[PDB]
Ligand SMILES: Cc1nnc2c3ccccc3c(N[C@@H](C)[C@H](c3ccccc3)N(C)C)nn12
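What follows is one chain in structure tokens, specifically the form solved without this ligand.
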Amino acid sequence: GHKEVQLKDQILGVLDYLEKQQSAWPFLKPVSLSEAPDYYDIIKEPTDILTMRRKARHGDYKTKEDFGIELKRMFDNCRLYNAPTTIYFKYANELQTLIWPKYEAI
């Protein structure tokens, strides 16, 4: 109904802002299974911006918190897989800092 429609539109607005930040490049699409099988040996709940966008468009987020859990996991996955000294880890920190207030405002 209208609450789910409104929520979808708000989530897509957050993902739009997310996707245009310089620190978003590592997170735009799923990690290639072909290129990086070892990634999926460590990360068992993968996600990325494109997958969240497609899920949102198709109504797969029933509540704000369902989206929040997956958005948080995107950053947590990077900081589990990659070392603290990598640019990826730093970009995860920078991007989460930027986006979390937008998420809370939903």
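Note that residue numbering begins at 1 and tracks the sequence as displayed. Shifts are known only where both forms have a C-alpha. Definition used throughout: the rigid core is the maximal C-alpha set that superposes within 1.5 Å between two forms.
The discussion below concerns the form deposited with this ligand bound, not included here.
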**Complete:** Interface check vs this ligand in the deposited complex: of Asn93, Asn82, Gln10, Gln21, the one with a heavy atom inside 4.5 Å is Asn82
**Prompt:** Going by a heavy atom distance of 4.5 Å, is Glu45 a contact of this ligand in the deposited complex?
**Reply:** no
**Prompt:** Could you tell me if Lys29 has a non-hydrogen atom within 4.5 Å of this ligand in the deposited complex?
**Reply:** yes
**Message:** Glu65 versus this ligand, in the deposited complex: is there a non-hydrogen atom within 4.5 Å?
**Reply:** no
**Request:** Would you please decide whether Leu50 lies within 4.5 angstroms of this ligand in the deposited complex, comparing each non-hydrogen atom pair?
**Result:** no
**Request:** Using the arrangement in the deposited complex, list in sequence order the residues of 32-64 with any heavy atom within 4.5 angstroms of this ligand.
**Result:** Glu35, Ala36, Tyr39
**Asked** After aligning the rigid core, which of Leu50, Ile69, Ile43, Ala36 is the one whose Cα travels 2 Å or more between this form and the one not shown?
**Response** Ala36
**Message:** At a change of 3 Å or more, would you call the C-alpha separation of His58 and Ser34 in the deposited complex closer or farther than in the form supplied?
**Reply:** farther
**Prompt:** Are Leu33 and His58 closer or farther apart at the Cα level in the deposited complex than shown, by 3 Å or more?
**Reply:** farther
**Request:** Could you point out the stretches of 3 or more consecutive residues whose C-alpha atoms all move by 2 Å or more between this form and the one not shown when the rigid core is superposed?
**Result:** 32-37
